[PDB]
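Taking it in order: structure first as structure tokens, then the write-up.
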Number of protein chains: 2
Amino acid sequence: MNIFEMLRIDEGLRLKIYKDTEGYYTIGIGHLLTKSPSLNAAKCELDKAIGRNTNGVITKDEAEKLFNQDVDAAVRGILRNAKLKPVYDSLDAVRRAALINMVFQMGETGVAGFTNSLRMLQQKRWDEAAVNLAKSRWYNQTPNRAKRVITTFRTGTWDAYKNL
Amino acid sequence: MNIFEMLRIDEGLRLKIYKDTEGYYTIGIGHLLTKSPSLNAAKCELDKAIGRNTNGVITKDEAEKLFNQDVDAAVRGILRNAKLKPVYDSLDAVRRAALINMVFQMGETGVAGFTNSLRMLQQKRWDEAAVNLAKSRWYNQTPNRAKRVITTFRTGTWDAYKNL
């Protein structure tokens, strides 16, 4: 297990534009196209992301390339951010995947706002961090993935992703 | 006077996205970005049309390139269409500009639907064509330009664009 397998489980794979559970247009492995309610906006953003007139449908290799870029963007965002980098640097490889997962989903700015949870993870207070993360808006926005990500931070194991 | 000067008068020039009188996002010299109500859709379509992240603002040379492409697209659309080509081929240079003007605005499919007006222009019944065009939905959608374009078809002169 690693960050790629973890996110494949949390995001699933689609080759056509679809709306996530919050209503946002998404494609590939969790690639957010726009938060605009406009399908035409999403269709244009897709064409921009891929470099051709896709007519709303991508290939398997195109999905993999976007996923590679999106994971790298999350790591880049962590590394540039003064609140995220120290936490990332302090974590073991499994817990680093849980952090990248959160930034992949919510972005650098969003995750950097989890001030108290970040502090608890840096202090290695795993149980208290898990309790605190479960109070966040994130926990109800995407509950299935949030519970698995929190188990990962709590335990430092892949228990939540076993057999998935 | 020619088609370029004619359209500069009818469309005006803007270097930032604006909405036309029908509410559609437009830029440059009458370059329609989208009929979607979404500004985000329009912003993405602009980036696609130009080939860079424009942040909603283009250069004078970029406006000229889009205008060159858009006039050529209108001529290409006339030449491929069985209802438009015979009319175009029959018209003098001034009246051909009035026809290109209409196709630049409404598209090949749209203008090809003016069955009776097209027939009258091919038959050189200028007065009757002018009366008939003034009954169309186009005449009330964009009345200032429609009156000038109709004068051009009626007279075969540039009278309607003199000093503008």
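From the backbone N, Cα and C atoms, a Cβ is placed for every residue, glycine too.
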Recorded substrate site member, picked from A:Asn40, A:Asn132, that accompanies A:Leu32, A:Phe104, A:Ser117 in Swiss-Prot: A:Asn132
Per DSSP, three-state class assigned to A:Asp20 (active site, proton donor/acceptor): coil
Lowest local Cβ density (other Cβ within 10 Å) among binding-site residues: A:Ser117, A:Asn132: A:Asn132
Alpha-carbon distance [A:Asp20 (active site, proton donor/acceptor); A:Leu32 (substrate binding site)] in Å: 9
List of residues, in chain order, with Cβ under 8 A from that of A:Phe104 (substrate binding site) and at least 6 apart: A:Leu7, A:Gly30, A:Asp70, A:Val71, A:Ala74
